[PDB]
Amino acid sequence: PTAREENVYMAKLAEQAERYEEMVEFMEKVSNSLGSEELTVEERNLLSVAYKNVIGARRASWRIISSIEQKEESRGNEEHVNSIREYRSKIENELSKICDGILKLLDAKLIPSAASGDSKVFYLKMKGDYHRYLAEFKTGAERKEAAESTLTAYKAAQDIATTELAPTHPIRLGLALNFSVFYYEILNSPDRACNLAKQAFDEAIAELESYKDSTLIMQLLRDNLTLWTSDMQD
Amino acid sequence: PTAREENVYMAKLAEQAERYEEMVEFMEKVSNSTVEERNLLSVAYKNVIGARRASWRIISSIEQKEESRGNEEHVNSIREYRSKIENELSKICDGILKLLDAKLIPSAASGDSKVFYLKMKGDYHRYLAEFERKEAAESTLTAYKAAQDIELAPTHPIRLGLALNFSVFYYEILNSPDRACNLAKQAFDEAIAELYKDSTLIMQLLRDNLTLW
Amino acid sequence: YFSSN
Ligand SMILES: C=CC(C)(C)OC[C@H]1O[C@H](O[C@@H]2C3=C([C@H](C)COC(C)=O)C[C@H](O)[C@]3(C)/C=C3/[C@@H](COC)CC[C@H]3[C@@H](C)[C@H]2O)[C@H](O)[C@@H](OC(C)=O)[C@@H]1O
């Protein structure tokens, strides 16, 4: 029962009990004890799932605050808007730290120490995810340089995915799904989004490792495509 | 737009954005100076304590599972993690019990306000009774008793919410389905004889407890 | 808020 086996196990207790912030701290201590050695497949997923649930709740709250704000601004009730603007500012500064916490961990050790192609596309995609989450709320010059880092990290992940990983590889299908989503809402290009996610979907159908894991993304890819292609408006 | 009005508006943003810990703090200042505000402080604290207790149920299940298999070292880690979770339950219950004791319960003027505050006292004491327990259940029965004594129709929600919360305290904490059902059956039929969307929500939950008990 | 992973 080493200290590394202690924190990997204690992360599953915070994961099972929805104590995700502490689950991040446990996996953070797992990473900040390694030189040029990378995390195992489970430890890799653990940390990423831990940060996923954390940033997911913060994002949900931000979308809700932005929506209520844009209604009060649509009404013109200014004394309420100034309060929602201040409240959203607090949420956005947390998101800065949450993305800073993983990006400065991806940039420091996870990406350089990635040896296999599976870990390269993994940690590269992760960078794009949290840089894309910054582009959701950041405005002005920060948004431009955020989507720059989102597009740059997603592209390098695609080079490694298209030459080393198989089309049905989860790490590759998930990369392409996030890639298409980045095109649709952040760059507002449906054809750049659809052509990337149609290309990646059909190469998984043509080629077809248990695919229950992959087909979960294949159902989320086709769902995205189909609803986009529909002429109706969100 | 007074300062008290801003807290009611600010708690709505915390209530809507599923950020419940701050809603208690925004409503905490308002108390240190209405019907909706009474619900605002109740709902914010209710979800805060609900999140912590649910984690403890799975932790106790995860720690009892390892004791069944026999993992003294794994069980030690779970019990230590459980102690930190229980330590949070004391601070969350300490704030609500101190808020009601110092100002809320004493300043309760109407009879409908006295039942609602003493019910929260018995509720937050029942949270202390799940994990000292003899005093917690004592303060739980003492709070639930005077809230039953203090003058309204059974259909009124504060009475039905108290009768359901009190009927559950006897079943799980005191292990007495006889005296518990007699409280839920007496409170349910008295609401049907006198008879509501807010009241029937508890009336459907009163039956769900009795029909499976 | 389209699907993502
Ligand atoms: C380790 C903890 C848990 C959450 C139980 O692991 C769940 C799953 O964790 C992995 O699944 C990942 C993965 C998911 C799979 C698509 C499906 O997993 C399950 C359990 O159904 C869902 C998650 O979003 C997760 C963890 C994340 C990603 C994400 C990673 O970015 C770097 C993009 C794609 C997807 C990858 C990592 C999936 O491979 C594994 O590949 C799965 O096992 C196999 C054979 O694929 C395992 O079931």
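Note that each Cβ is placed from the backbone with ideal geometry, even for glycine, and that neighbours are counted across all protein chains shown. Just so you know, all these numbers are worked out from the coordinates, no wet-lab data involved.
Reachable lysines from A:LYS198, Cα under 24 Å, same-chain residues fewer than 8 places away excluded?
List returned: A:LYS120, A:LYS125, A:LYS127, A:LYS155, A:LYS212.
Mind checking which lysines have their Cα closer than 21 Å to the Cα of B:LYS98? Skip sequence neighbours fewer than 8 apart in that chain.
B:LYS29, B:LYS46, B:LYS114, B:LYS119, B:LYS121, B:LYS134, B:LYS145
State the three equivalent ellipsoid semi-axes of chain A, derived from the C-alpha gyration tensor as the square roots of 5 times its eigenvalues, in descending order and whole Å.
Equivalent ellipsoid of chain A: 30, 26, 16 Å, largest first.
Explain nothing, just the number: dipole magnitude of chain A about its Cα centre with +1 on each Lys and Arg Cβ and -1 on each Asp and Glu Cβ, in debye rounded to the nearest 20.
Charge dipole, chain A, about its Cα centre: 220 debye, nearest 20.
For the protein assembly as shown, with the dipole built from +1 on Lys and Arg beta-carbon atoms and -1 on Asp and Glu ones, taken about the Cα centre, which of A:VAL54, B:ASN165, A:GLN70 lies farthest toward the positive end?
B:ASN165
Sort A:170-181, A:126-137, B:200-211 by the packing proxy (mean of other Cβ within 10 Å over each peptide's residues), most packed first.
A:170-181, A:126-137, B:200-211
Based only on other Cβ atoms within 10 Å, what is the fewest-to-most ordering of A:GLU142, B:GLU73, B:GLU63?
So the residues, fewest neighbours to most, are B:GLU73, A:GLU142, B:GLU63.
Excluding B:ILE150 itself, what net charge comes from residues whose Cβ is under 14 Å from its Cβ, given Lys and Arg +1 and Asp and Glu -1?
Neighbourhood net charge equals +2.
Return the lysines within reach of B:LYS65: Cα separation strictly under 16 angstrom, same-chain partners fewer than 8 residues apart disregarded; answer none if there are no such residues.
Reachable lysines: A:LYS12.
Dipole size in debye (nearest 20) for the range B:147-213 around its Cα centre, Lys and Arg Cβ +1, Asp and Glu Cβ -1?
That gives the range B:147-213 a dipole magnitude of about 140 debye.
How much net charge surrounds A:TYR123 when only other residues with a Cβ under 11 Å from its Cβ are counted (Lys, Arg +1; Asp, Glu -1)?
In short, +1.
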